[PDB]
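1. Would you be able to build a 3D model of this:
(chains A, B, C, D, E, F and G)
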Amino acid sequence: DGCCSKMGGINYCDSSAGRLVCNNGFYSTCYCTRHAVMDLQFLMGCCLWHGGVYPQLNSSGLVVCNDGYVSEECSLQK
Amino acid sequence: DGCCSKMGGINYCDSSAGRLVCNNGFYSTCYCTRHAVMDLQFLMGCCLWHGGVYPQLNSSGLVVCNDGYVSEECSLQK
Amino acid sequence: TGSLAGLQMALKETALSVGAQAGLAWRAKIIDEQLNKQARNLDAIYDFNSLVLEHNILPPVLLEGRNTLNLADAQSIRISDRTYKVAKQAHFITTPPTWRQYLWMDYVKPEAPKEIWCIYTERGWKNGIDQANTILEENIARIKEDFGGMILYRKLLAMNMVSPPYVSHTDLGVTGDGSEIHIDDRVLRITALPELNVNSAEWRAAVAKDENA
Amino acid sequence: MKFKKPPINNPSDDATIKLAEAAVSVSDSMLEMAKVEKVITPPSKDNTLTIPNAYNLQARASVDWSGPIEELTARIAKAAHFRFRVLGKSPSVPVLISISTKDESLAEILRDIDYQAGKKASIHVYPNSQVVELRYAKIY
Amino acid sequence: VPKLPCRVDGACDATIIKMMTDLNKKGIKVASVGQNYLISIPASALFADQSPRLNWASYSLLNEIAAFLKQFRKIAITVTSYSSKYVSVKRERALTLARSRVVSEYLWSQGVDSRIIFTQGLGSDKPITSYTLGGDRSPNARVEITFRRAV
Amino acid sequence: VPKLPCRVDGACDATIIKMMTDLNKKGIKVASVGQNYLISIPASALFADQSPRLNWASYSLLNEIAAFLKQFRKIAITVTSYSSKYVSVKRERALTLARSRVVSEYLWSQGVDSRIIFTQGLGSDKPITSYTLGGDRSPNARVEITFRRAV
Amino acid sequence: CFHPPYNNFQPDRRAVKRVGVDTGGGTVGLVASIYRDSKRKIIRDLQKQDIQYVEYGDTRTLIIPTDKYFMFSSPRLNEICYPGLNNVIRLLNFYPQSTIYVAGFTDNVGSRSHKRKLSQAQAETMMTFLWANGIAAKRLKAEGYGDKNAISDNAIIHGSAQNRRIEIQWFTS
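-> Numbering: from 1, shown residues only, chains lettered A, B, ... in the order given. The protein structure is shown below:
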């Protein structure tokens, strides 16, 4: 919760940088918009590095991506 | 159960050799993958040294292999 | 059964079906963590950027086989010493490929769920782990195919058995009408694709010495 | 008298085992083909002629960079107190470099950049005018 | 929101203020003007008498400084070493270069997430004090680590 | 899993450690560097005074060594015999060749599962000790059995 | 006391510490000292660390893993593992007449000149560390072999780890 602790508290959200400003003149470590530089390295979902999931609903459990590849990994087993 | 007994216990499975490594630097005698050199000389099943069992279901008890030979040995008697 | 004197289940499949998915997802997460830990070494190893040709053209992929025999049927055999094949053809690119399209495994967290339940859930767990390892091994084979084919192309171009791609560019001046202009139009088109040459009289050999003392 | 054999490391992952086995084969293919290319066309010239050294090119750096060439070259020139100059038009497809070293001099950093640029760009250094100059190729 | 990160990882404002206060009471000078940051260390707390050999106990101080440097996000760091006048100009230029090389290597060995570290040694060319009576005890034999916080 | 084998048959790690410890206390030297293994036997515990005739009681020791050798998997074994200087070079070259022939035959008669056994006798050419005062009591009259464990 | 980086290459007065904590009995301090300065406890301490000792005839050999006693792919010596090096000096102090050979070995990955040069550098570093602790220059020799005569198989992971090593041989006369 406590972003600007041992500082004066939250002044405002700077949306140009995506960061909070504390009541002394220091930038905070907390983000305040989604267009801030976050260091994302781990993403969930399947059919990444293809087009994503082709959204037809299938009688069987195969999951097919938008470029024809078939995800055997997200597919349910028998 | 006890693979690395009178050694320090199991360190890890070396899949390059298919063997366990003990906590001293000795290779174990236990296997840990199926692609390890096991000395197999005795195999079960029938229609070996032919193509295997031709998978039709028969009214009679004859068992026929994939190259036309008929196993009289796995066939049920009358 | 045995000797002459010796002569004289739905939870089963439900256990396997919940164990396989959980094992697969957990092992996929661990594989991705190991891939993300070693991200700089893989970029140093699979350096596609320093294999690119002149006009940002990806090199073709070539395959090699040695000491070949085919028994066509009874009464006929055919043998050869080496064979070379063009698996993939050269083309223009805007960005080089990276290892992440080959090696990254896909994760979705499965949140969709007692005497003998435990052992079969555990067996399903082992089956899912083994399946994930097999999938990773095929991915490794695929990335090795692309890099090895391009590397083999560089060696055969050096040893003068393939032809390089030939490219032509046309310079238009200031083109357009009074509603739209483009200042310096240039059109680039590769007109000859790389190909193996069957004239063996121009082939060039490479002999590498060692000298000491 | 407990028996022990010397290398006892941390436990290993079979993914790392498979990755290592692929990497070794990639490595000796690269070595053999590099030997062939060196034998076929022996090089004659060296870029010490185009990039000589000077005083205050002997400050040192360790670098981890994976982007385009121009900003990094500007940072090196600014650390070396030289002026920075660009010649030619930058191409539409950017020129990407990747450097991962530790403790080498700035002259060698520029020479490694010059080798990785290849046929697309070149680095020149004029020490009497204190200028680092990067020029792009007349391609496309 | 539960799966996006909510802050830059391993970083806290209270921890920054705490470590900056502790370093200033210990004697290492930490200063900030705008977004540029300077850490100034006396050479007596790190090295032996003008040799590029660290004492064994000063690695705790270098560990503390590395734990401070992991709190920010940055692109380049500069490490520069300065000394006092002993024999010629060359001997202390070599000495300051060796000192900066060793210190920046240990900092790079620890996990500071910078893209470039520059190292230079200026000798005894730029004094910050006209009182030059000490040896290595002098206040103007020091190493300075400067950087700019990025965004 | 119930029908695949789970280990190489008749082999156990505790048994390997037990027999190696017992052999080292008895006096036969067992050493391992990397994956190469060496068993060194003094000639006095096997033969009579420089004759290629075994005593009757040393066959228990050869049986114990064969039970050790069945624990591993291997491709080649080398047996080499060395002696001390008595009469000429030829007499002990013949003696060491005869000794190695007899020992490797009894080992082959027992069920060591090797593909090749090589035998040679080097005479008194390669001493491991400069103290040459004994006869067959000397520490450098010995037979050595070396092999490499395969996978 | 003891300075952790090599004690300024001075012999550490080790026995007086034990006889000071036991007089602070004298006989118990002497028995503890005469146990721990003996050869078998030093050999067991190298056994406790990752260093192997082999004695056969009048030739003695030490096997040292570069994985723990050097930093990665460099001729720089790893300073966290100084107890093992001090124990090596203590054990080598018992044979003041013999000559020493140190040999360096790597595995099979890389080019041949690279392997030879790295082996030569590591052997010289360990020889220089031996020479700086008092041993005279006429008693020492270093050699670096490449992948010349291996002791394990290079096609498997653990054996390849076991192949990268430093060998120290010495005689008696």
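2. Every contact and neighbour count from this point should use C-alpha atoms.
-> Will do.
3. tell me, how many neighbours does the residue nearest to residue E:141 when sequence neighbours are not counted end up with?
-> Distances taken as CA to CA, 6 or more residues apart in numbering or on different chains place residue E:83 nearest to residue E:141, at 4.1 Å, with adjacent residues excluded. When counting by other CA atoms under 10 Å in any protein chain shown, one arrives at 27 neighbours for residue E:83.
4. now do residue G:98
-> Residue G:98: 12 neighbours (other CA under 10 Å).
5. how much space is there between it and residue C:187?
-> Remark: distance between residue G:98 and residue C:187 (CA to CA, to the nearest Å) = 79 Å.
6. tell me which element residue 40 is part of?
-> Since you didn't name a chain, this refers to chain A. Applying DSSP states H and E as the criterion places residue A:40 outside every helix and strand.
7. Switch to chain E, please.
-> Using DSSP H and E, residue E:40 sits in strand E:36-42.
8. Please spell out which residues along that strand are buried.
-> E:38, E:39, E:40, E:41, E:42 (16 or more other CA atoms under 10 Å in any protein chain shown).
9. can you list contacts of the following helix or strand past it?
-> Counting by DSSP H and E, the next helix or strand C-terminal to strand E:36-42 is strand E:47-48. Strand E:47-48 is contacted by residues E:53, E:54, E:55 when judged by CA atoms under 8 Å, 6 or more residues apart in numbering or on different chains.
10. Parallel or antiparallel, list what pairs with strand E:47-48.
-> strand E:51-54 (antiparallel) (DSSP bridges).
11. Only alpha carbons, please: show the longest helix seen in chain E as PDB.
-> Criterion DSSP state H: the longest helix present in chain E is helix E:89-109. As requested, the backbone C-alpha atoms of helix E:89-109 are provided in PDB (Å, rounded to 0.1, in the frame of the first residue of the first chain):
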ATOM      1  CA  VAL E  89      52.400  11.700 -12.600                       C
ATOM      2  CA  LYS E  90      52.600   8.200 -14.100                       C
ATOM      3  CA  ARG E  91      52.700   6.200 -10.900                       C
ATOM      4  CA  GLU E  92      49.400   7.600  -9.600                       C
ATOM      5  CA  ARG E  93      47.700   7.500 -13.000                       C
ATOM      6  CA  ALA E  94      48.500   3.800 -13.000                       C
ATOM      7  CA  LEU E  95      47.400   3.500  -9.300                       C
ATOM      8  CA  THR E  96      44.000   5.200  -9.900                       C
ATOM      9  CA  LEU E  97      43.300   3.200 -13.000                       C
ATOM     10  CA  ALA E  98      44.100  -0.100 -11.100                       C
ATOM     11  CA  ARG E  99      41.900   0.900  -8.200                       C
ATOM     12  CA  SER E 100      38.900   1.800 -10.400                       C
ATOM     13  CA  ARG E 101      39.300  -1.400 -12.400                       C
ATOM     14  CA  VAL E 102      39.200  -3.600  -9.300                       C
ATOM     15  CA  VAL E 103      36.200  -1.700  -7.700                       C
ATOM     16  CA  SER E 104      34.100  -1.700 -10.900                       C
ATOM     17  CA  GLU E 105      34.800  -5.400 -11.400                       C
ATOM     18  CA  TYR E 106      33.500  -6.300  -8.000                       C
ATOM     19  CA  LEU E 107      30.500  -4.100  -8.500                       C
ATOM     20  CA  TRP E 108      29.800  -5.800 -11.900                       C
ATOM     21  CA  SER E 109      30.200  -9.200 -10.200                       C
END
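12. Which strands and helices lie in contact with it?
-> Packed against helix E:89-109 by the contact rule (3 or more CA pairs under 8 Å, 6 or more residues apart in numbering or on different chains; DSSP states H and E) you find strand E:51-54, strand E:74-82, strand E:116-123.
13. and the closest residue to chain F within chain A, what is it in contact with?
-> When distances are taken as CA to the nearest CA, chain A reaches nearest to chain F at residue A:78, 21.1 Å away. Contact analysis of residue A:78 by CA under 8 Å, 6+ apart lists residue C:17.
14. ok now stretch E:110-129, how far from the chain's centre?
-> Taking the mean of its C-alpha atoms, stretch E:110-129 sits 7 Å from the chain's own mean (CA atoms, centre = their mean, to the nearest Å).
15. any residues touching that stretch, and which ones?
-> For stretch E:110-129, the external contacting residues (CA under 8 Å, 6+ apart) are D:59-65, D:79, E:66, E:69-70, E:73-85, E:89, E:92-101, E:104, E:139-141.
16. First-to-last residue distance for it?
-> For stretch E:110-129, the first-to-last residue distance is 33 Å (CA to CA).
17. which bits of chain D sit near chain B?
-> In this structure, chain D approaches chain B at residues D:3, D:4, D:5, D:6, D:7, D:8, D:11, D:12, D:14, D:17, judged by CA under 8 Å from any CA of the partner chain.
18. Any of these buried? List them.
-> Those of the residues of chain D next to chain B that meet the buried threshold are D:4, D:5, D:6, D:7, D:8, D:17, by 16+ other CA under 10 Å.
19. quick one: which of those sit in helices?
-> Mapping those onto helices (DSSP H) picks out residue D:17.
20. from the buried ones among the residues of chain D next to chain B, which is closest to chain C?
-> residue D:17 (10.7 Å).
21. Was I right to think the closest one contacts residue B:17?
-> No: the criterion here is CA atoms under 8 Å, and residue D:17 misses it with residue B:17 at 10.6 Å.
22. For chain D, which segments count as strands?
-> Along chain D, counting by DSSP state E, strands occupy D:60-65, D:83-87, D:99-100, D:104-105, D:121-126, D:131-136.
23. now those strands in JSON lines, with mean neighbour count?
-> Formatted as JSON lines, these follow (neighbours: other CA atoms under 10 Å in any protein chain shown):
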{"stretch": "strand D:60-65", "mean neighbour count": "20"}
{"stretch": "strand D:83-87", "mean neighbour count": "15"}
{"stretch": "strand D:99-100", "mean neighbour count": "14"}
{"stretch": "strand D:104-105", "mean neighbour count": "16"}
{"stretch": "strand D:121-126", "mean neighbour count": "19"}
{"stretch": "strand D:131-136", "mean neighbour count": "19"}
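24. quick one on the thing from earlier: what angle do the strand holding residue E:40 and strand E:74-82 make?
-> Angle between the axes of strand E:36-42 and strand E:74-82 is 30 degrees (criterion: axes from the mean of the first three to the mean of the last three CA atoms, to 10 degrees).
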